[PDB]
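First comes one chain, alone, set out as structure tokens in the form solved without the RNA.
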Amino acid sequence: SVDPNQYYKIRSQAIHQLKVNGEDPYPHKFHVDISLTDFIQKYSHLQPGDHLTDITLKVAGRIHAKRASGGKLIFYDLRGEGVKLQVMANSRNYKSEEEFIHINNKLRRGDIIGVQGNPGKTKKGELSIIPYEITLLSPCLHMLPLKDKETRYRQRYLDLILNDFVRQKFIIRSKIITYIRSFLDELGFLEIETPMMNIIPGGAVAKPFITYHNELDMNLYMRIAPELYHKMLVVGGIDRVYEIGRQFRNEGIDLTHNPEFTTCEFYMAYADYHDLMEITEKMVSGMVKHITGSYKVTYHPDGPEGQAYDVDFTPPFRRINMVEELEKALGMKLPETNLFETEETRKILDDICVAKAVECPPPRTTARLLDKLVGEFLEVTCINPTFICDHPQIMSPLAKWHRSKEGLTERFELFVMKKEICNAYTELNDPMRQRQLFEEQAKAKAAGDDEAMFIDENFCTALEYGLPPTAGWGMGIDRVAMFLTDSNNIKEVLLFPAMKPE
């Protein structure tokens, strides 16, 4: 048995000699007549022993096995597109005996080859192609083995070659995105692109990446959300806009966070958050039914040997109000919602966290304590899709104030399998109120909150030209893909996930 580095060195020398001899081991064009998939669909009815001499076809793929059965006969296990096809290299059937001997000497497991041959089926019932001629298209210079998660992510190409289920997760991911586009296109939304480099990042509470433009001699930030730009287009008269695109957040990596991820955001003039709850139910349950075939999905959050959950996407989804549900979950009344700005509320919330052992790193502000208490006591009860509604204004600096509950806003988040999938609200369109909330945010930054929003004057000026009553919405695409591919790790649904180095 040879050694993988010794093998690489021998196979490199062999391919070099092919070059110096003029054997052209990286040819320019091979014309494929038919895919492997259609070859199987056309010919897998044949009878054992058959050999259709009147049909000549060219296929191509990757050798996954080379098994010899004699001096005149060699079997190649050809793979591609998710399927297999046996090449039955028989000397009698080949272009010549001299050329037959030579091509079989050349080929190894892993090479890309083109086969020109006839359909057939072995005595043992295996569908095959019987070649007149095989062409080496691209030799594989390394030894092919994949279970350990680290190698699959650093070398996704090996993962795709060896693990058929991986291609399917990314087909599902592609179907998610394509469904969303045609859902919103049908509603009249315009698909738009807005800057990913901003003088001032905003649209979310997140830590941004910073970079530098040499010619303009200015710092820029990668966007954390396109929200501010979308609301400026609504001011401009484009009543329905959406964007599926990459966001960037300088935050830690875990099972549901990657530093670059994909969201869909859309904005709808003359709608409120109640309208968006209906659209969300309709879109999300529709997507799940279209992709999986049912409203029910089985999710394994601790891998396959762990506990199974049945998540039920039948609309209408359950709704819970944040502050009232938290009171029921803690067993104690909280301050009146108009007192959430005060230091007494902050300390009251602080004490509750201490008593209930809910950790919260500094700064221990009212908004961050409430977040920690929600995740601990509410979010973990959201197995099926659940709307969590009416967030305190102090957590929602871009959301319009609630119609009848002072201190709250017209906001919702959708949770599925205890994880946040959507964030939405009636948009704050009062520019003076928006400017006050920015000033609060910039104070929360000066007082230790790495993720608090910057003041965006240019955005406040836009609101001064008149933003119609509007409602916007954001969905984390990667996370949806997780829950439709039974992946408990976001790295399963990212082709090349962010990794620590060597």
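All residue numbers are counted from 1 along the displayed sequence.
As for the form deposited with the RNA bound, it is not shown, yet the points below apply to it.
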>> Is it the case that residue 88, even though its partner is missing from this view, gets within 4.5 Å of the RNA in the bound PDB entry, heavy atoms only?
In response: yes
> Heavy atom to heavy atom, is residue 84 within 4.5 Å of the RNA in the bound PDB entry?
Replying inline: yes
> With a 4.5 Å heavy atom cut-off, would you call residue 65 a contact of the RNA in the bound PDB entry?
Replying inline: yes
> Any chance residue 133 has a heavy atom within 4.5 Å of the RNA in the bound PDB entry?
Replying inline: no
> Based on heavy atom distances of at most 4.5 Å to the RNA in the bound PDB entry, which listed stretch, 68-76, 306-314, 335-343, 381-389, is the contact stretch?
Replying inline: 68-76
>> Since the partner isn't included here, can you check whether the RNA sits close to all of 246, 296 and 320 in the bound PDB entry (heavy atom within 4.5 Å for each)?
In response: no
> Among 275, 126, 406, 351, which has any heavy atom within 4.5 Å of the RNA in the bound PDB entry?
Replying inline: 126
> Just one of 143, 177, 358, 171 has a heavy atom within 4.5 Å of the RNA in the bound PDB entry. Which one?
Replying inline: 143
> Considering only 6-30, what residues come within 4.5 Å of the RNA in the bound PDB entry, judged by heavy atoms?
Replying inline: 7
